[PDB]
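Q: part one of the complex, left exactly where it sits:
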Amino acid sequence: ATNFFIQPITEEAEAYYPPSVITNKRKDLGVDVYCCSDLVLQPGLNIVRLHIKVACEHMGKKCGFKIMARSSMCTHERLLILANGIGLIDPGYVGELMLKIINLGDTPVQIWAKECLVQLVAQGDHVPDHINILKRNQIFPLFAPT
């Protein structure tokens, strides 16, 4: 079994992430995650807070995951790339997910709160069984540092 755990850490965030235990019966590799906020991306590098904590589990243990762009992210309307190609998150990290996005255009670019620019892929490309959305207050032992 491979499971994902997402907890919003802001009010606007929990709007887009109502508590559920979503299953993945389509056998989709990637877990889409929302921007949760209208932002303007300037030419060059931008830091985009995702307002969530995330844990991935494989065969009972805490595991790593990768952040990868969706096809949607880069159009003729917005030349956006993930700065580090794909983000690796080690099992040890328990802070907020944050993206480095390069706007390659010479003019600024707007993204909308509902948009999913990236998806989360489990270490080793293991398809997730459930995506557990937790509510803001509930303190998982998974997000405790060590």
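A: Received it, and whenever you're ready, just let me know what you need. Residues are numbered from 1 along each chain as shown, chains lettered A, B, ... in the order given.

Q: contacting residues around the residue nearest the centre of chain A?
A: The centroid of chain A falls nearest to residue A:33 when counting by CA atoms, centre = their mean (4.5 Å). Contacts for residue A:33 (CB atoms under 8 Å, 6 or more residues apart in numbering) come out as A:6, A:50, A:52, A:54, A:97, A:116, A:118-120. From N, CA and C alone the C-beta is placed, and that goes for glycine too.

Q: and the two most separated of these?
A: A:54 and A:116 (14.1 Å; CB to CB).

Q: okay, these two: which has more neighbours?
A: Neighbours were counted for residue A:54 and for residue A:116 using other CB atoms under 10 Å; residue A:54 has more, 23 against 15.

Q: close enough to count as contact, that one and residue A:97?
A: Yes - the pair residue A:54 / residue A:97 is scored as a contact, 5.7 Å apart, by CB atoms under 8 Å.

Q: Now do the shared contacts for those two.
A: A:33, A:89.

Q: Most remote residue from the middle of chain A, which is it?
A: Farthest-from-centroid check, chain A (CA atoms, centre = their mean): residue A:106, 26.6 Å.

Q: That one against residue A:79, yeah?
A: No - in this structure residue A:106 lies outside contact range of residue A:79 using CB under 8 Å: 9.6 Å.

Q: got a list of what the residue nearest to residue A:126 when sequence neighbours are not counted touches?
A: In this structure, residue A:126 finds its nearest non-sequential neighbour in residue A:2, 4.1 Å apart by CB to CB, 6 or more residues apart in numbering. By CB under 8 Å, 6+ apart, the contact list for residue A:2 reads A:56-58, A:63, A:122, A:126-129.

Q: Closest one to residue A:144 out of those, please.
A: Nearest member of these to residue A:144, counting by CB to CB, is residue A:57, at 14.3 Å.

Q: what about the nearest residue to the closest one once chain neighbours are set aside, neighbour count?
A: Among residues not flanking residue A:57 along the chain, residue A:3 sits closest, at 4.8 Å (CB to CB, 6+ apart). A count of neighbours around residue A:3, defined by other CB under 10 Å, yields 19.

Q: Relative to residue A:46, how far out is residue A:56?
A: Here residue A:56 is placed at a distance of 25 Å from residue A:46 (CB to CB, to the nearest Å).

Q: Drop chain B onto that structure:
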Amino acid sequence: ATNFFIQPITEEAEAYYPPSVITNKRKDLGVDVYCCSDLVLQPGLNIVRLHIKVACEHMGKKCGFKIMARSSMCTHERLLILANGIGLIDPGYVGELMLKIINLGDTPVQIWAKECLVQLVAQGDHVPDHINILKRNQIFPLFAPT
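A: If we add chain B to the chains shown above, we get the following:
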């Protein structure tokens, strides 16, 4: 066992993809795929049709794969990058493979039909046993939607 299935969906395509059951005894991760057509890549984003359908199989089931640049793709002659870093293709997709390629240069760039700009890597980085090239007419149950 991990096997790949490639079917050309155009005449010029089947030129480069004669029906075979290629084996991979070198233990190469990546399956090189040709452009099949002379194209000119303008500054900014370009959509590059690959004129093939592709299925990947691991342990009997249909599985996902990733599209990754080859070292060849980006030279001093052509600043080309894959727009989404690496393409993830879910098992469910059965249409034509298409690339988003960013020309970072300020002048247009020519690619030739014989050139392999990208390779296909099986979900979980599993080395393929055989690369089955199918012929244009043969209707695999693998490319049937569900």
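
Q: again for the contacts of residue A:2, chain B present now?
A: A:56-58, A:63, A:122, A:126-129 (CB atoms under 8 Å, 6 or more residues apart in numbering or on different chains).

Q: same deal with residue A:85?
A: Going by CB under 8 Å, 6+ apart, the list of residues near residue A:85 reads B:85-86.

Q: Let me know the helix or strand that it is in.
A: For residue A:85, there is no host helix or strand (DSSP states H and E).

Q: So what does it look like in phi/psi?
A: phi 80, psi -70 (degrees, to the nearest 10).

Q: and if you look at the one 4 residues further on?
A: Backbone torsions of residue A:89, given as degrees, to the nearest 10, read phi -110, psi 120.

Q: Please apply the same query to residue A:123.
A: phi -40, psi 130.

Q: so what's the nearest residue to it once chain neighbours are set aside up against?
A: Counting by CB to CB, 6 or more residues apart in numbering or on different chains, residue A:123 lies nearest to residue A:64, which is 3.9 Å off, once chain neighbours are set aside. Residues in contact with residue A:64 (CB under 8 Å, 6+ apart) are A:56, A:88-91, A:123.

Q: Columns neighbour count on top of the residues you listed, output as JSON lines?
A: Below are these laid out as JSON lines (neighbours: other CB atoms under 10 Å in any protein chain shown):
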{"residue": "A:56", "neighbour count": "24"}
{"residue": "A:88", "neighbour count": "12"}
{"residue": "A:89", "neighbour count": "19"}
{"residue": "A:90", "neighbour count": "10"}
{"residue": "A:91", "neighbour count": "17"}
{"residue": "A:123", "neighbour count": "17"}
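
Q: ok, then the element right after the helix or strand encompassing residue A:68?
A: For residue A:68, the element it lies in under DSSP H and E is strand A:65-69. Per DSSP H and E, the first helix or strand lying C-terminal to strand A:65-69 is strand A:80-82.

Q: What strands line up against that next one, and which way round?
A: Using DSSP bridges, strand A:80-82 pairs in its sheet with strand A:98-103 (antiparallel).

Q: Mind listing what's buried along the partner strand?
A: A:99, A:101-103 (16 or more other CB atoms under 10 Å in any protein chain shown).

Q: Any residue of the strand holding residue A:68 touching chain B?
A: Yes - using CB under 8 Å from any CB of the partner chain, strand A:65-69 reaches chain B at A:68-69.

Q: OK, contacts around residue A:62?
A: A:55-56, A:91, A:142.

Q: here's chain C, add it to the model above:
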Amino acid sequence: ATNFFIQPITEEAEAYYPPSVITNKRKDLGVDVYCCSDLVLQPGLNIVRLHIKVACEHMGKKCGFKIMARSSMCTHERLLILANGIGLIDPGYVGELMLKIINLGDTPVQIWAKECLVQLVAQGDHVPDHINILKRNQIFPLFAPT
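A: Let me add chain C to what's already shown:
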């Protein structure tokens, strides 16, 4: 078991890579590797020699690995990206590791010898047990061509 083998192939290199058998008890996916030399990256593509040979082993056999940027690589001070998104190295390759890095800025950029711009991830994202740093002279059968 998954093990990494790094051998410096220059004197300045062995400075940063003293012979050890480092273990990875943090369960980190990525093996950080140093630039080993002050270089200036011009706008456009740059080739960055890493002055090491590397082998990866999974379950006794020689295996493949991937080169991925660290978060550190791209800042507001330096718009650097890996040109091929992530580097795949086939088990067969036994030469020096070399990076293609795109400086997206319009002015040149300095990197310092101690800096780790990239990390090595084992095929299939398998966490390494030990990182064996070998010394310059010792001829591993792993770096012999076939």
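
Q: again for the buried residues of strand A:98-103, since chain C is there now?
A: So, applying 16+ other CB under 10 Å, buried residues of strand A:98-103: A:99-103.

Q: which outside residues touch it?
A: Residues contacting strand A:98-103 (CB under 8 Å, 6+ apart): A:41-50, A:67, A:73, A:78-84, A:87, A:109, A:117-118, C:71, C:74, C:79, C:81, C:104.

Q: Could you list everything residue A:3 pairs with in the sheet?
A: Bridge pairing for residue A:3 (DSSP bridges) gives the partners residue A:57, residue A:130.

Q: Hmm, it is touching residue A:134, no?
A: No - using CB under 8 Å, residue A:3 is not in contact with residue A:134, being 11.8 Å away.

Q: so residue A:21 makes contact with residue A:134?
A: No - checked against CB under 8 Å, the pair residue A:21 and residue A:134 is beyond contact range at 9.7 Å.

Q: Which one of these two is surrounded by more residues?
A: Ranked by neighbour count (other CB atoms under 10 Å in any protein chain shown), residue A:21 and residue A:134 place residue A:134 first, with 22 against 10.

Q: and that one, what does it touch?
A: A:5-7, A:19, A:140.

Q: Out of those, which is nearest to chain C?
A: Within the contacts of residue A:134, the smallest distance to chain C is 17.5 Å, found for residue A:5 (CB to the nearest CB).

Q: that older thread, mind checking how far the strand holding residue A:68 is from the chain centre?
A: Strand A:65-69 has its C-alpha centroid displaced from the chain centroid by 8 Å (CA atoms, centre = their mean, to the nearest Å).

Q: by contact count, what packs against that strand?
A: Applying 3 or more CB pairs under 8 Å, 6 or more residues apart in numbering or on different chains; DSSP states H and E, we find strand A:65-69 packed against strand A:80-82, strand A:87-89, strand A:118-122.

Q: re earlier: now restrict the contacts of strand A:98-103 to buried residues only.
A: A:41, A:45-46, A:48-50, A:67, A:73, A:78-84, A:87, A:109, A:117-118, C:74, C:79, C:81, C:104.

Q: Near chain C, which residues of chain A are found?
A: A:44-45, A:64, A:66, A:81, A:83-88, A:90-92, A:100, A:102, A:104, A:123-125.

Q: For residue B:15, which of the helices and strands packed on strand A:65-69 is the nearest?
A: So among the helices and strands packed on strand A:65-69, strand A:80-82 is nearest, using CB to CB, at 33.0 Å.
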